[PDB]
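Before any comments, here is the structure.
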Amino acid sequence: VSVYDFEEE
Amino acid sequence: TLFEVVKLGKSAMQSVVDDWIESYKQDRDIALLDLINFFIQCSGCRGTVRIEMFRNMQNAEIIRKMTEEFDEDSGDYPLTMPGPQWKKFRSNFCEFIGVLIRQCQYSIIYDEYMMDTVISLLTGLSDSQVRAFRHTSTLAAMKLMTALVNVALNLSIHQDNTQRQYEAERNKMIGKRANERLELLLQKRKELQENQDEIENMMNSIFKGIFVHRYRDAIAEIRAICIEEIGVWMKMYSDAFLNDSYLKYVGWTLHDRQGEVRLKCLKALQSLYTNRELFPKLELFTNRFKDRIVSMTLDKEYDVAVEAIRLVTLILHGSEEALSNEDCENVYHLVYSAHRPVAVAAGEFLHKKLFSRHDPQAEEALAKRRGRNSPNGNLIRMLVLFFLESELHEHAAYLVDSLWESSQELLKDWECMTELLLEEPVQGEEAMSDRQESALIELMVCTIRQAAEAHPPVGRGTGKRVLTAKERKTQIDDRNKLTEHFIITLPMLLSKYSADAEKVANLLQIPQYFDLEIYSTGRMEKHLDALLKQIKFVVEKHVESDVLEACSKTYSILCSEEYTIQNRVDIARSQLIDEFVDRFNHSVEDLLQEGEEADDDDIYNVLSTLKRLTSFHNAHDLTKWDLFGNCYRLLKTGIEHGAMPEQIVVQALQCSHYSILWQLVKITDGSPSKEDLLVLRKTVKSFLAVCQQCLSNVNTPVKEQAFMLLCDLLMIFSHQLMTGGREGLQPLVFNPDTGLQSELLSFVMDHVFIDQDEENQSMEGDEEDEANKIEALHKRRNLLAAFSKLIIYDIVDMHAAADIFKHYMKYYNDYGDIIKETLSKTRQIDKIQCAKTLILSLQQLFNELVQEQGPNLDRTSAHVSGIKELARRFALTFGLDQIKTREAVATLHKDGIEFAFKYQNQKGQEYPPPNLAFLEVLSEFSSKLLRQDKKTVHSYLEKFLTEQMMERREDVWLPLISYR
């Protein structure tokens, strides 16, 4: 599920 | 001019694609220049790329220069200009990109020349601040990479074939030429592998350079187009795109604030379900975003709700896992949506879900019917249970309409629930419950009425309906089968349910849809007569007004003289009404005398018999049995005594009115006499006296019934009676009485124009029951509508209707429609007198203000503001709309000026006018609509004024200043 955690920029 | 050639009617798109291919093989630079020029002029930039400026200096400064050299005449760009010529321009543009890139997939696309410059320029323009460049570049590179995805699919297929042939050779080691073929296959496999690696390189480049930037873009349409097409790809290429690496963008984009982007997201999600199952990651994402899907089921847009319901149906096809029972009941309430497509989608989902008794949603021989009269019973059973639990409706009309097309074969199998209603089937089930019986009967009412008439009910109505041949033949043979089935079933249906009033009322609406000549062909008039005797037993056993109305309407339908059976039915009608005449005479001749007592039993018999007689006299001409003597004796002893039940007087008045109008029917028949003409006029005059007494009677429903009967009498004797080429009806014409007109106006004002609970002439309606406020409101609207219908047709004085026109703001929500329509119609009848009565309405409101507040008038209060707003909407109601446009305005201005100086002030001072604040009202009618007649109106105004009135300019005379 951790790949879908938005951490961009 | 490739932009113009592609735009202005390209004969064959592949032809100019091959022309570009030939030019590229001739020289790469000129064809690249032509393609870039095509894309730039597709972006709306009228600048033209040259050979050296393309070849030498880079793409970012090209983007800056074309931003400077956009050379616009308008802000529009070719992706949003009106339609046709530009719509086919956009389609040709997309098809040119697709065919051009896809045709070169074999040899040209591995030269590593055009895609570097194309990707760089398109990525830069997609990062450009200009919306036109961003949109056009996103579409261009988007079709480019879609074509590249297709190329990758073709390369994967070629890799699979060469791997299969490599393994096939590796089976067979015999042959030197076989080994040479093996080495050739290995070389081909390596070539396809490096081609796939190159395609993956440009795939990743385009993706991480364009799609990641532009799904976060501020433009909704770019994101919507991207999501729709990515769902298209993931539908067609599930080899590499069916993973969370691309579903993360879909999950992030599902929470978009724009309806169209979410619509495209739902389209993409349906593209993941359509048309192949099953995949585990699809169900993982479905279980992840079930809440978001059911959120979109209740979205603002109807399209998004429809797509979400269809996605739910797709999940039910594939998963049957994520949806919960509360979501199911939410969609069951969506079955009762006002919007018909949403309701029909919900009903189709419900039919798919909750109908699996013997249909496994699979092949036949056990799914439709097992050859017996039993399997479909349980489908009927949870239809009945669903109607029982659906307490959001007393009728299954919307539910059946939603379930109409999805369950067409099931809803015509009427024989099944017919044995599950009457004759106790062999299934061993429980007794058919009375609530369940009424529910099933209501379902049958809905299904067969939708079987006869195909139009959806009100709110769902369209009015643009066309009948095809298949539709009409299905309608006709449907009518045939229901006729032959239900002429059989209705006798013992009634025999089982004779005492059930509401079930009889429900069951007697179907015979309105029976082709009566089938009886002549089917020879089933005997069953008709059996049902006539059965409904005679019901009529003599039931006293309810509604069931008598239903029976009378049923008789009127079967009193169709165009069919042979009219004599046969008229036999039974005459028999039953003759019985009721005899019973009425026997009961009345003992009720009218005092005697002992009259008790409640004779009262009940008289009331029941007169109810039946009035009901069957409404729809049928029964004046051959002149019972107006008995009815008029009853009405006159009600006048004299006044101590006897209300409903008897109501029935007597309505029956006498029915007799009078049925006599009125047989005088326009081309044979008018004179003796019976004067006799009928005298009876009408006696009825008018009785109605006036009942209007003066203290009972308020009796007052309303007397009012509406008087309305009917006056419209019968109206001025439009002379319209239809009549001569001898002139003696019949009776003029209204002024005292009666004042009584009518007083009744209307005491019992109609009420919006509070202080009057207590309107029933409570506080509890949300059948006795709600809406019934009283609609009844008062109906009474006001009847009064205004008398007003507009030159019958009653419309100066009384000025007091109705003045209530347009105090009763806007209740009767503003009626007041506006009446004002419009009276304007269309006589606009001058309409304006005179309109300014009279304003004068009446202003005089009420004078009474309430005095001569100071509180010019800044809410009353004056409301009157001035009424003046504004009255002034905009005028203008150049009808004949004598400004003459009515001039007459209204003269009347307002006369009223403004009508009264003079006794003290402080002589020259200040009382009623001066009406000039503020008239100032809205002066405004700036006119110009030439303003001088004349001012000349009329200055007659009442003096020079001392002219010179003074203060707060008291501010209305005069504002008017001038």
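Naming works like this for the structure tokens: A, B, ... for the chains as they're shown, residue 1 at the start of each chain, ligands 1 onward in shown order.
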Quick one: contact table of chain A to chain B, 10 Å max, nearest atom pair and distance in Å to one decimal per residue, counting only C-alpha atoms, chain and number order, as a Markdown table?
```
| residue | atom | partner | partner_atom | distance |
| --- | --- | --- | --- | --- |
| A:1 | CA | B:244 | CA | 9.5 |
| A:3 | CA | B:244 | CA | 8.2 |
| A:4 | CA | B:248 | CA | 5.8 |
| A:5 | CA | B:248 | CA | 8.9 |
| A:6 | CA | B:252 | CA | 8.7 |
```
Test item: residues at most 12 Å from residue B:102, only C-alpha atoms, excluding those fewer than 2 positions along its chain, as number ranges by chain: B: 14, 17-18, 21, 95-100, 104-109, 143-154
Coordinates-based distance that separates atom CA of residue B:745 from atom CA of residue B:877 (Å, one decimal): 25.4 Å
Polymer residues at most 9 Å from stretch 750-753 of chain B, only C-alpha atoms, same-chain spacing of 4 or more positions, as a ChimeraX atom specification: /B:700,704,745-746,759,761-762,777,779-781,783-784,804,807,810-811,814-815
Could you please take those selected residues and save N, CA and C atoms as a short mmCIF file (atom, residue, chain, number, x, y, z; two decimals), in the first residue's frame?
```cif
data_model
loop_
_atom_site.label_atom_id
_atom_site.label_comp_id
_atom_site.auth_asym_id
_atom_site.auth_seq_id
_atom_site.Cartn_x
_atom_site.Cartn_y
_atom_site.Cartn_z
N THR B 700 -67.99 25.30 5.73
CA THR B 700 -66.98 25.80 4.80
C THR B 700 -66.73 24.89 3.60
N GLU B 704 -67.31 26.04 -0.25
CA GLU B 704 -66.45 25.82 -1.40
C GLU B 704 -67.18 25.12 -2.53
N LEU B 745 -66.37 37.59 -3.74
CA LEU B 745 -65.10 38.23 -3.42
C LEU B 745 -64.76 38.07 -1.94
N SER B 746 -65.75 38.24 -1.06
CA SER B 746 -65.54 38.07 0.37
C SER B 746 -65.16 36.63 0.70
N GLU B 759 -55.83 32.65 10.62
CA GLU B 759 -57.19 32.73 10.08
C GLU B 759 -58.04 31.54 10.52
N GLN B 761 -59.16 29.22 8.76
CA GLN B 761 -60.00 28.74 7.68
C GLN B 761 -59.30 27.68 6.84
N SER B 762 -58.03 27.41 7.12
CA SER B 762 -57.26 26.38 6.46
C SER B 762 -56.87 25.33 7.49
N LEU B 777 -53.60 23.85 0.34
CA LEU B 777 -53.00 24.82 -0.57
C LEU B 777 -53.44 24.59 -2.01
N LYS B 779 -56.14 22.95 -3.03
CA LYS B 779 -57.57 23.22 -3.14
C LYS B 779 -57.84 24.72 -3.24
N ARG B 780 -57.14 25.53 -2.43
CA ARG B 780 -57.30 26.98 -2.51
C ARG B 780 -56.81 27.51 -3.85
N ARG B 781 -55.72 26.94 -4.38
CA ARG B 781 -55.25 27.30 -5.72
C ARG B 781 -56.29 26.97 -6.78
N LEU B 783 -59.62 26.78 -6.29
CA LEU B 783 -60.72 27.74 -6.14
C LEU B 783 -60.36 29.09 -6.74
N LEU B 784 -59.14 29.57 -6.48
CA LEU B 784 -58.68 30.82 -7.07
C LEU B 784 -58.60 30.72 -8.58
N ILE B 804 -57.18 40.81 -6.16
CA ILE B 804 -56.40 39.58 -6.29
C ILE B 804 -55.02 39.89 -6.84
N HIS B 807 -52.21 41.02 -4.34
CA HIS B 807 -51.62 40.06 -3.42
C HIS B 807 -50.45 39.29 -4.03
N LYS B 810 -47.42 39.21 -1.19
CA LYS B 810 -47.78 38.53 0.05
C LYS B 810 -48.04 37.05 -0.17
N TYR B 811 -48.37 36.64 -1.39
CA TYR B 811 -48.69 35.26 -1.73
C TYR B 811 -47.98 34.84 -3.00
N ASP B 814 -47.40 30.96 -2.91
CA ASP B 814 -48.65 30.21 -2.95
C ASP B 814 -49.42 30.44 -4.24
N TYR B 815 -49.66 31.71 -4.60
CA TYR B 815 -50.56 32.03 -5.70
C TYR B 815 -49.96 33.03 -6.69
#
```
Selection near residue B:530, 12 Å with only C-alpha atoms, sequence-local residues under 2 positions removed, as a PyMOL selection string: chain B and resi 487-492+494-495+524-528+532-537+568-569+572
Contact residues around residue B:507 with only C-alpha atoms at 10 Å, ignoring same-chain residues under 6 positions, as an NGL selection string: :B and (441-442 or 444-445 or 490 or 493-494 or 497 or 501 or 550)
Test item: residues at most 8 Å from residue B:663, only C-alpha atoms, excluding those fewer than 4 positions along its chain, as a list in words: residues 623, 659, 667 and 680 of chain B
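Atom pair atom CA of residue B:565 / atom CA of residue B:610 has a distance of 27.8 Å (rounded to one decimal).
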Close residues, stretch 765-775 of chain B itself excluded, 12 Å, only C-alpha atoms, min 6 positions apart in chain, as a PyMOL selection string: chain B and resi 394+754-757+781-782+814
Please produce an output containing C-alpha atoms for each residue in the selection, written as a PDB file, in the first residue's frame.
```pdb
ATOM      1  CA  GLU B 394     -47.087   3.910  -1.635  1.00  0.00           C
ATOM      2  CA  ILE B 754     -54.284  33.057   3.590  1.00  0.00           C
ATOM      3  CA  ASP B 755     -50.646  32.133   4.279  1.00  0.00           C
ATOM      4  CA  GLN B 756     -50.738  31.953   8.100  1.00  0.00           C
ATOM      5  CA  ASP B 757     -52.365  29.829  10.797  1.00  0.00           C
ATOM      6  CA  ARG B 781     -55.252  27.303  -5.716  1.00  0.00           C
ATOM      7  CA  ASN B 782     -58.019  25.440  -7.568  1.00  0.00           C
ATOM      8  CA  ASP B 814     -48.651  30.208  -2.946  1.00  0.00           C
TER       9      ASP B 814
END
```
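From atom CA of residue B:395 back to atom CA of residue B:379, the distance works out to 18.6 Å.
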In stretch 301-434 of chain B, DSSP helix (DSSP H, G or I) residues written as an NGL selection string: :B and (302-318 or 325-334 or 340-353 or 377-389 or 397-402 or 408-411 or 414-419 or 434)
